[PDB]
Every structure is written in C-alpha cells, then in structure tokens.
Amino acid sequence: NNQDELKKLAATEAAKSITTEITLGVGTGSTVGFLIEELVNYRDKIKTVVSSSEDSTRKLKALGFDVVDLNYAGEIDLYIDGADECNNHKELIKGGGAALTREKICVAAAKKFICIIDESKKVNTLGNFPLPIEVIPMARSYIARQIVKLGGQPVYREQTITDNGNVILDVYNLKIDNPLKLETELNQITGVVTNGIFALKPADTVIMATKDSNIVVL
C-alpha cells in the first residue's frame, strides 16, 4: 500500500497553487501534515498563516511560520485541507479526527478552498463515514434524540473534548443524498455548534491522488 505516498502527492500538487503573496489557511489531519512540510518551499509567498487547530499551529510554528488569529488576518486567500468523504459535487464530510468547527470557519472565511484527498475518500453519496457534529455538552442528549428523529444513529464520543470546550456526536446510518437540506436541518437544532457536512459552501477545487499515483483535479 502507498496511501501515505498518495497523500503526499495530493499535498505537493496543492501547494503549487501558492503562486502569489497570500494569507494561507491550513487544515488539520494526516494529509495536511504532508502539506505543512511542503510549505518550506513557499516561504517567499506565505505572508500570514491562519490555522484550524492547535496541532496544525504547533507543526507550523515548528517550521518557522507566523500563525495569527483569523480576526487579525481578516480573510484567507487560500485554504488547504483534507476530508473524510467527497462526493461528485465536491460536497464533503469533514471533522472526523479533529477541528470540525475551526475548519468550517476557515472555509467560510476563505476566498478559495482546495480539498486534498487520496482516492479512498472519493464516494458517490455521502454517509458511510459517520457524520461528526460538535455540540454544546449540556445539549448532547436532546440533540441525540432529534437526530434519531431524522433517521440517524447518534453516538457520543465519550471523553472527547474539542479545543472549543465542546463534545462530539457521530451519526451513523445516514444516507445523505441531499447534503444541502440535511446541513441546513442540523444547523437548526439548538445546541449544535457545527455539523461536518460541507455542502452549502463546498470545496472550490478537489485535488485527488488516484490508486495509480496520478493527480485528478475536480
């Protein structure tokens, strides 16, 4: 297997979109890890870095990058991040491992979002990967009940805490054939901070490393 080589390929290809002086936004996760290492070749163009997690921030600072709060940066020119799932319309499930809320905020504040994935993330319909939802701890049980009513199977990630001080519910069993509609419905549930459907603002570009080490750009 060469999943790491595919991740590195997609990350290396994406970094080439850094062609001018920008405020760069950086995702979280294993694929982004390869992207972060590649950024040492673009120091002349990276004016400002905004980070979606403390894990990414730690890695970026170790490489000599000046990571600033989004409030100080204003807007991101280019945000680069991975995904758990990507469908045929560049709509994503994100937030599996960490950073759901700040990743979604970074995407919102970014003029361009490039998603980097290996082929295993590519699906026709979202939902096989469980949907992460970050929730206010006090509302966890109420929200789980409302998700049951929506047809999902909610599970509490017991003892997990986000860097926003919140908890996570994973939703299993969902066939998400209408991402726009379900992302909207979940946003309406009191106590939901963020849900992991990235559809209302999808990826602008998807760089996919294929099983044969080719690059396909959606």
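Numbering starts at 1 and runs along the sequence shown.
Higher mean CA temperature factor, per the PDB entry, when comparing 90 to 98 with 77 to 85: 90 to 98. With 156 to 164 and 25 to 33 compared on mean CA B-factor from the PDB entry, the stretch scoring higher is 156 to 164. Across the options 148, 115, 105, 131, the residue with the most elevated CA B-factor in the record is 148. Ranked by C-alpha B-factor against the other modelled residues of its chain, residue 58 falls in the middle third. The deposited CA B-factor of residue 170 belongs to the highest third of values across its chain. The deposited CA B-factor of residue 66 belongs to the middle third of values across its chain. For residue 125, the recorded CA B-factor ranks within the lowest third of the chain. Only modelled residues enter the ranking. Sorting the modelled residues of the chain by their CA temperature factor places residue 19 in the highest third.
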